Amino acid sequence: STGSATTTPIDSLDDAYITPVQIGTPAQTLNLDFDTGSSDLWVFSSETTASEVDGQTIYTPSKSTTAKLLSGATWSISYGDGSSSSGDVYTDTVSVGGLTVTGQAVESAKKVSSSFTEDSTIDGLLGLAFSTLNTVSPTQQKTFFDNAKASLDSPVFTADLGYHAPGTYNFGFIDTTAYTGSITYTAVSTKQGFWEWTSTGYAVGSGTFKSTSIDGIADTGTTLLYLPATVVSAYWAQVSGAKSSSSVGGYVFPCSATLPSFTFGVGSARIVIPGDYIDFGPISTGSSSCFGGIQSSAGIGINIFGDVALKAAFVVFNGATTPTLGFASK
């Protein structure tokens, strides 16, 4: 089997991407944030505290003939940005882009934090990291990908995120028309439950490539690119007037600037992030101070190849017995 679904930015800054997902019978379609940095499929639901719902589409298990309460199971998750959600669990049929899993754990939110309530465009998350991170207790549950894997033509999914445009998540096949040149594969460590890999270095604009190992995670659920302070300082030093602002919470730059590209290494290959991808616009409406798309990972504890990086590439998440990550230009 295979699946193929279009993923669409939620706003003009590509802050996140939503992908339609069919849950239950008859289908209830919810727009979920596919997140390669977590491992819970959770949804706004008929059980979500009413004051914490503001425009989202909800999953109503009582209207699904295939929903079954997973008795005794609860979940609770906290994300890197400080947001959180929790609730109980149903199993139900879940389909993505024509690919169907029966018996998928669908985690129903009783509570969500303010950032979720305030984002009316995101109806939940679909985690695509390793199932060892799943938060369901007392019986840990498998991700949609883990459950689908045996049925898939090939045990892979791919992320092809757009810059200010729709893109695609494919399951079970590699679309050889979706990228240019060749795909370069690189080793993955699952030791922390993430798609964790080591970049071979970086360049700023037309500068020379610096060979240096940068361990980090491929995380479609994080907006920006978070790298070591040394790397980030080297980048922003090439932008006149750029500075780190503790009041704003990261590097800002004059909106009149032209940003240089940023290149990262994948083995001997190079992925180039155009300067425009690194512009996250005015810090507040009407401001001439703009927020940078490359920020320091210092104090996160991990480097994160978020959407800013991933959208510059066609990315293969290979879930074979020995997992790997592939990157191609596009």
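Going by Swiss-Prot, the residues shown for chain A are 90-419, listed in order.
Cβ coordinates are placed from backbone N, Cα and C, and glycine is handled just like the others.
If you look up Swiss-Prot, you'll see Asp124, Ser288 marked as active site. Annotation comment: Swiss-Prot describes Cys344-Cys379 as disulfide bond. Annotation comment: Swiss-Prot describes 106-417 as domain 'Peptidase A1'.
Sequence features annotated in Swiss-Prot and their locations in the structure.
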{"residue": "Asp124", "record": "active site", "DSSP (3 states)": "strand"}
{"residue": "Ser288", "record": "active site", "DSSP (3 states)": "strand"}
{"residue": "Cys344", "record": "disulfide bond", "DSSP (3 states)": "coil"}
{"residue": "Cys379", "record": "disulfide bond", "DSSP (3 states)": "strand"}
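Looking only at the recorded positions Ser288, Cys344, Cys379, the one with its C-alpha closest to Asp124 (active site) is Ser288.
Between the disulfide-bonded residues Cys344, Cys379, the minimum number of other C-beta atoms within 10 Å of a residue's C-beta occurs at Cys344. Listed in sequence order, the residues of the same chain lying 6 or more apart from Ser288 (active site) and placing their CB within less than 8 Å of its CB are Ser302, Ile303, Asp304, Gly305, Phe353, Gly354, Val355, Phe394.
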